[PDB]
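Read through the structure below, which is laid out as C-alpha cells, and then see the notes.
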Amino acid sequence: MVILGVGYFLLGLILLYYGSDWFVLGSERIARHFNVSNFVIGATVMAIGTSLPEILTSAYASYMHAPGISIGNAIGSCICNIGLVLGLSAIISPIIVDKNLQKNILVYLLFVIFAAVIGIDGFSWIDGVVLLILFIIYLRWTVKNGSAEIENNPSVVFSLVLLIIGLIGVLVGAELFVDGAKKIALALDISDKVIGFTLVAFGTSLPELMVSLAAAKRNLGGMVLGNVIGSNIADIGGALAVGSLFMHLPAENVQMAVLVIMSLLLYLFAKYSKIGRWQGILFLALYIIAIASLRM
Ligand SMILES: CCCCCCCCCCCCCCC
Ligand SMILES: [Cl-]
Ligand SMILES: [Cl-]
Ligand code: NA
Ligand code: NA
Ligand code: NA
Ligand SMILES: [Sr+2]
C-alpha cells in the first residue's frame with residue numbers, strides 16, 4: 001500500500017497541475033461570456049469551488065465533535081491564502097489594483113475585523129448565521145459592481161466543460177494527493193496525527209494554490225486576487241459558519257490577529273502601492289514565521 005500511495009500522490013499532482021489550468025481557462029472564458037471581470041469570477045465561482053474542501057472539512061469535524069479542527073481548518077486556510085498562495089502569485093505576476101477592486105478589498109477587511117471581534121469569545125451558531133448572510137451579501141454586491149447588463153453556443157459549452165472538468169480535476173487531485181501522502185506515511189510507519197491535523201488547512205488549500213499559480217502564470221492577477229479574497233470569505237462565512245452550526249467553536253484569537261494583520265497589509269498595499277515582488281516576499285516571510293511559531 002506504499003505503492004498505491006505513491007501512485008495516488010503522483011497522479012494527484014498531475015490532476016492538480018493540468019486541472020488547475022483548465023479551471024483557470026474555463027473561468028476566464030466564462031467571465032468574458034457573462035461580461036464580468038476576472039476578479040468577480042475568481043471571487044465567486046472559483047473561490048467557492050475551491051473552498052468546498054474547507055466547508056466539508058469544517059462541517060464534518062464540528063459534527064464529529066472536533067470544533068478546534070473545524071475553526072483551525074478555516075482560519076488556517078485564510079492565513080495560507082494570503083501568506084503562501086498570494087505571496088507566490090504576487091512575485092510571479094505583480095498586480096496593480098484599480099480603485100474599484102480596492103473597495104472590494106476594504107469590504108473584505110471590514111468583514112475580517114468583524115469576524116475577529118465577534119469571535120473573541122468563540123463562535124456561536126448565531127455568529128455563523130450572521131457571517132453566512134454577510135457572505136451571501138458580499139457575493140451579490142461583488143457580482144453587481146463587476147457585471148454589465150447587456151445581452152446555446154459551442155464557445156459557451158466548451159467554456160463550462162473546461163471549468164467543470166477542471167474543478168473536478170483540482171478537487172480529486174487534491175484528495176488523491178492527501179490520500180497518497182497519508183498512506184505513504186502509514187506504510188512507512190512515520191504517521192503523526194498531530195502533524196496530520198496541522199496540515200489539514202494545507203491539504204484543503206491545494207486547489208487555491210495550484211489554481212492561483214496557474215492564473216499567475218497567465219498574468220491573470222485580478223483572477224488571483226479574486227480567488228484569494230473570495231476564498232477567505234468563503235472559508236469564514238462558509239466553512240467557519242457551517243462549523244459553528246453543529247457546535248460552538250473555540251476562540252482562535254492569535255490566528256485571527258495574524259489574519260487581521262495580513263488582511264490589513266493586503267488592503268494597504270492594494271490602495272497605496274501594488275501587490276508585487278516585495279509585497280509578495282513579505283507575505284511569504286510572515287507566513288513562514290507563522291508556521292514556525294503558531295501552536296500545532
Ligand atoms: C520571474 C522572476 C521571479 C523572481 C523571484 C524572486 C523571488 C524572491 C522570493 C524571496 C522569498 C523570501 C521568503 C522569506 C525567506
Ligand atoms: Cl477539537
Ligand atoms: Cl485579470
Ligand atoms: Na477557495
Ligand atoms: Na480550499
Ligand atoms: Na484550506
Ligand atoms: Sr462569539
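Ligands are counted one by one from 1 in listed order, and the atoms in each one are counted from 1 as well. Nothing fancy with the numbering, it's 1 onward along the sequence.
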Contact flag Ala47/the Na ion (ligand 4), N/O/S atoms, threshold under 3.0 Å | yes
Measure from the Na ion (ligand 4) to each N, O or S atom of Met46 and report whether any distance is below 3.0 Å.
-> no
Report yes if some heavy atom in the side chain of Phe246 is under 4.5 Å from a heavy atom in the side chain of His65; otherwise report no.
-> no
Trace of the side chain to side chain donor-acceptor pair (under 3.5 Å) decision for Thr142 with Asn104 | CA-CA 7 Å; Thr142 295; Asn104 192 281; 3.1 Å; yes
What side-chain donor-acceptor pairs closer than 3.5 Å can you find for residues 259-271, not counting sequence neighbours?
| unit_1 | atom_1 | unit_2 | atom_2 | d |
| --- | --- | --- | --- | --- |
| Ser263 | OG | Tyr108 | OH | 2.8 |
| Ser263 | OG | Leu259 | O | 2.7 |

Here the vertex angle at the Na ion (ligand 4) for OG of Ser51 and OG of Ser231, given to 10°, is 110°
Of all N, O or S atoms in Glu208, which has the smallest distance to the Na ion (ligand 4)?
-> OE2
Are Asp21 and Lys217 close enough for a salt bridge, meaning some N to O gap below 4.0 Å?
-> no
